[PDB]
2 protein chains.
Amino acid sequence: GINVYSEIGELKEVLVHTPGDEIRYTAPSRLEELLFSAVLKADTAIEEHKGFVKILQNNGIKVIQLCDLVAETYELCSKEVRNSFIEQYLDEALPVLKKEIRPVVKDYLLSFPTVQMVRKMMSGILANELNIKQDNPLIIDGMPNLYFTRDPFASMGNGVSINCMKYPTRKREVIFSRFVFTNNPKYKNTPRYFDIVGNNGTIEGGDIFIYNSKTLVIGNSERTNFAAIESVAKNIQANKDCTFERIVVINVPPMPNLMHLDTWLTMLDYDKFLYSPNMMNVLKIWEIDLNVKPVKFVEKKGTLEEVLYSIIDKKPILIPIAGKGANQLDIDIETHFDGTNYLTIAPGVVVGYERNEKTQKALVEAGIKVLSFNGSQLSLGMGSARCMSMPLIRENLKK
Amino acid sequence: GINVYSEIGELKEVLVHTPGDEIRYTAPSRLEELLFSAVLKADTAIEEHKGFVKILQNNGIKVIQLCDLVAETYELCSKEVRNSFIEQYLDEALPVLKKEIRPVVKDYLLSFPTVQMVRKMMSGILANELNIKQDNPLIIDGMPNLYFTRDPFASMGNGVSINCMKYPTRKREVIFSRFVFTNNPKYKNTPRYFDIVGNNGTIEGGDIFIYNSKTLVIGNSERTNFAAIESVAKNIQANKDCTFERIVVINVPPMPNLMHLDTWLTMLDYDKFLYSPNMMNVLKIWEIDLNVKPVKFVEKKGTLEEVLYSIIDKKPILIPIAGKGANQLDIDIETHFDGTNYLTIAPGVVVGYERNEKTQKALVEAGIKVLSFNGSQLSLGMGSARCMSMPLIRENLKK
Ligand SMILES: [Cl-]
Ligand SMILES: [Cl-]
């Protein structure tokens, strides 16, 4: 059920999540606590996400909703496994559930049709809903970052990496997709090159890129360390079907207005890349030959061009955020709105926010086809199309 | 040219400012520096403002654009007065203009037709525009807060109060309306019950309310002190035509998110008020008899209802933000989006953001007619309708 051996191959199946009531439950004083960037006008953001989904569907892509995938898995499970799912959810809920309120929540959840129940689990629960009186409006917090399906897990060739989020507020999001990879017959046998239980280190979706059939590119950032990368390398060596033979690790230290490797660099075509004009000049890299044991990180150095050349074996076309010659104001604004994170749905065809006009212009001038959409409210979340999606199946490249 | 003896009298003439390029020049890192709340999707915010203006116009209100009023004044002035205006603008420009750049900016400004020149002054100037190469993309910062015409000056009966802003970034805004009140024949003779030159203390538009022909209500806040209120009191006593006989000063304790009286209480009808449920229970008031000299601030205490009753002489109807029984989540969100600041265009008829649904519902249930508009982007500026307008002429009440 999983086959992603590039960042650009024609997209066939992708996972997304149209936001539900959870983005209505973020108090302005809890933006940091919930690790979300702003208070959205929900109805508008939701319609905008639907616009994003529609574009993907009109391009023959099968768009799968997280809530539907979880609901489908649930229906196929035994009563004990189903209950096991509900119980784990109650255990990880925040704020922690009081003993006499837990059973009230559980009965409430079970009173809804499967898909609506899953949606309540994602949205969180208001005290009013349970007829409970108290100042705190929420019995259970919602998970506002769920529409960023790029984080809980990342497809990786024929397997997946179920990521280790940083803060507990976001670690609650993993229960859904993990339930799918554990019980859904279509994904149950997907090999896990990383999981939150039998490995070492930490790793996040933003640092994971698949350049081609043989090369995996991971960022060594503040969120992804060598320990996790080593676990991934060994798990891959133990799998016979995987075609990966090499891992290129790119050192990504904290920089102003940037974060994971994705804010630094994205791949849009066989030889076209979008990058931050404010990244470092000479990159620190680590080459890992997967055909050799034990796994060893071979340190190397080079400009972005040199590093890219060593992977695609041809001159890379580098496009800076906001285009060449842009002033710092435009660069800052379009970086702020996640300008590098366009989602590539086919070689040279991308999807992103229309507000990032300078970057859009530079992309079309370089021969890339851009399918923009209005995300006037969605964009306040600070994450673009690549962040709001997780490819499940892409047509392998013939290069 | 000025006649505003209430907060609710049928609105005949009002001053607004549809944002120009200035709201395109706010770097995300300069939100605090420019004292603005977020990075707007300019084109969208501008159309939303036009929608706001359209509603006012469709209600028979004469809407006056600040840029047009300034341009009109400029044309009527002598060459020496005109240049006097340009020079002061150049003097107050930020960042400070370099000696060799100043003359370049001046010629640039003079090369545009009058109204376009005024718009450049308001919008600020990019280095690209002058073909200058430097670090700062801006030669002159824009004044993003210009569309909040409630701040520079506040109509007060038959006169005006040209306010003393707090930070220099916003003090630059006063030059435009002041130029009008100084040279336009229609406003030239308007008495100034306060100005940035011959008085004491500080005062801001958000603290000034006109309840009726005889009562002026001013908030004693972190932005408005007794010194400024005394200056206003004396200046009013010196005017023969003014009908004000009393001033009620309400103490507004500086909270983390409270700099003016307007976000605590607004008047929407002869006996209907919108208030913040997070305000103090017992108010500290000061009664000033304008028929008495010298001016003495007579302290007094009472509940919101008691204080209001002492002014309108009838039972006041109090409507809380988000309505009665609302949970803290809805109160917090609608407070965040300036829920009290509806603009009253006639007794019991208001205009405001459609996103504040709970407050809107409470208002209609209370008998108030609400003319909402989409401000999905404008609202990010943290100021509602009353903040985006300055009544010039209101039909006097007959009560
Ligand atoms: Cl957009
Ligand atoms: Cl709105």
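Structure determination for the deposited model, as stated in its record, used X-ray crystallography, and the stated resolution is 2.3000 Å.

Asker: Looking at this structure, I do not really get the relation of the copies chain A and chain B. What am I missing?
Answerer: Copy one and copy two of the chain differ by a rotation about a common axis and a shift along it. By a simple turn and slide, chain A fits onto chain B: the slide is 0.1 Å along the axis, the RMSD is 0.4 Å, and the turn is 180°. What the superposition gives is, in effect, a two-fold axis relating one chain to the other. A symmetric contact is evident, with 96% of the interface residues of chain A recurring at the interface of chain B.

Asker: Mind showing me how you'd approach the side chain of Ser 389 of chain B here?
Answerer: Residues and elements named next belong to chain B. Here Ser 389 lies in the loop between β18 (369-373) and β19 (390-394). The exposure class assigned to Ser 389 is buried, which follows from its relative accessible area of 0%. Once residues lying within four places of it in the same chain are set aside, the contact partners of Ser 389 are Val 14, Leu 15, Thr 149, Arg 150 and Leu 343.

Asker: Sorry if this is basic, but what is going on with the interface of chain A and chain B here?
Answerer: When the parts come together, some accessible area is lost, and that loss is often what is quoted as the size of the interface. On the side of chain B, 26 residues touch chain A, which itself brings 27 residues to the contact. Buried surface at the junction of chain A and chain B, summed over both partners, amounts to about 2,000 Å²; 63% is from carbon and sulfur atoms. Scanning the region where chain A abuts chain B turns up 2 salt bridges. Note that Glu 354 of chain B and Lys 41 of chain A form a salt bridge whose closest N and O atoms lie 2.7 Å from each other. Across the chain A-chain B interface, the total number found is 6 residue pairs in polar contact. Counting residues per element, the side of chain A that touches chain B draws most heavily on helix α11 (residues 328-336) of chain A, which supplies 5 residues. Tallied by class, the residues present in the side of chain A that touches chain B amount to 11 nonpolar, 8 polar and 8 charged.

Asker: Mind showing me how you'd approach the environment of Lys 106 of chain B here?
Answerer: Residues and elements named next belong to chain B. Tracing the sequence through the fold places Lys 106 in helix α4 (residues 102-110). A relative accessible area of 18% means that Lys 106 is categorised as buried. Residues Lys 106 and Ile 86, 20 residues apart in the sequence, show an inter-C-alpha distance of 7.6 Å. Those residues in contact with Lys 106 that lie beyond four places of it in its chain are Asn 83, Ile 86, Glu 87 and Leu 90.

The rules behind these values
- All residue numbers are counted from 1 along each chain's written sequence and may depart from the entry's numbering; residues that have no coordinates are not represented.
- Note on labels: chains are lettered from A, ligands numbered from 1, in written order.
- Side-chain descriptors were evaluated using all non-hydrogen atoms of the structure, hydrogens and water having been removed beforehand.
- Superposition of the copies is carried out by least squares, using only their C-alpha atoms.
- Note on contacts: a residue pair qualifies if any of its non-hydrogen atoms lie within 4.5 Å across the two residues.
- The numbering of helices and of strands both runs from the N terminus, where a helix is a DSSP run of H or I of at least 4 residues and a strand a run of E of at least 2.
- Think of it in three bands: with a 1.4 Å probe and only protein chains considered, a residue is buried below 20% of the maximum accessible area for its type, exposed above 50%, and partly exposed in between.
- Summed over both partners, the accessible surface that disappears when two parts come together, traced with a 1.4 Å probe, is what is meant by buried area.
- Salt bridges are counted wherever a side-chain nitrogen of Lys or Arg sits within 4 Å of a carboxyl oxygen of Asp or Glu.
- Here a polar contact is recorded for every N or O atom pair within 3.5 Å, except that within protein the pair must consist of a potential hydrogen donor and a potential acceptor, and residues adjacent in sequence are included only if both atoms are side-chain atoms.
- Put simply, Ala, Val, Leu, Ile, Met, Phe, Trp, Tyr, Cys and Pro go in the nonpolar bin, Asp, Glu, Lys and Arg in the charged bin, and everything else, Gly too, in the polar bin.

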